[PDB]
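Engineer: using only what follows, build the 3D model:
(2 chains)
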Number of protein chains: 2
Amino acid sequence: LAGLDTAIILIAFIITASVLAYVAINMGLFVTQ
Amino acid sequence: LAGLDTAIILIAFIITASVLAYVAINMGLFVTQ
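Structural biologist: Numbers count the residues shown, from 1 in each chain, chains lettered A, B, ... in the order given. Below you will find the coordinate block:
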């Protein structure tokens, strides 16, 4: 099925969103300060 | 995002105001003397 496939792609794509926010926020506070 | 670029756009122009103010006050401080 894809239900177990989609759930795995979900966790992966969610982490890459967290890393993107981790860097984007950091660079936000850096150039601001 | 309009937050990072604006901060750089900001600092790019605040630098410009500093250099113009630099040669501005230097202009008056000379001619009056």
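Engineer: when you work out contacts or count neighbours from here on, use the C-alpha atoms and nothing else.
Structural biologist: Will do.
Engineer: residues contacting residue A:12?
Structural biologist: With contact set as C-alpha atoms under 8 Å, 6 or more residues apart in numbering or on different chains, residue A:12 has no partners.
Engineer: can you tell me the element it falls in?
Structural biologist: Residue A:12 belongs to helix A:3-32 when assigned by DSSP states H and E.
Engineer: now do that helix against helix B:4-31, angle only.
Structural biologist: Angle of helix A:3-32 versus helix B:4-31, following axes from the mean of the first three to the mean of the last three C-alpha atoms, to 10 degrees, is 10 degrees.
Engineer: gap between helix A:3-32 and the chain center?
Structural biologist: Remark: helix A:3-32 is offset 1 Å from the chain centroid, using C-alpha atoms, centre = their mean, to the nearest Å.
Engineer: can you count the residues close to the residue lying closest to residue A:28 once chain neighbours are set aside?
Structural biologist: If the residues on either side of it in the chain are set aside, residue A:28 comes closest to residue B:4, at 5.8 Å by C-alpha to C-alpha, 6 or more residues apart in numbering or on different chains. Counted with other C-alpha atoms under 10 Å in any protein chain shown, the neighbours of residue B:4 add up to 17.
Engineer: how close does the residue nearest in space to the middle of chain A sit to chain B?
Structural biologist: Centroid check for chain A by C-alpha atoms, centre = their mean gives residue A:17 as the closest residue, at 1.4 Å. Residue A:17 is 15 Å from chain B, where distance means C-alpha to the nearest C-alpha, to the nearest Å.
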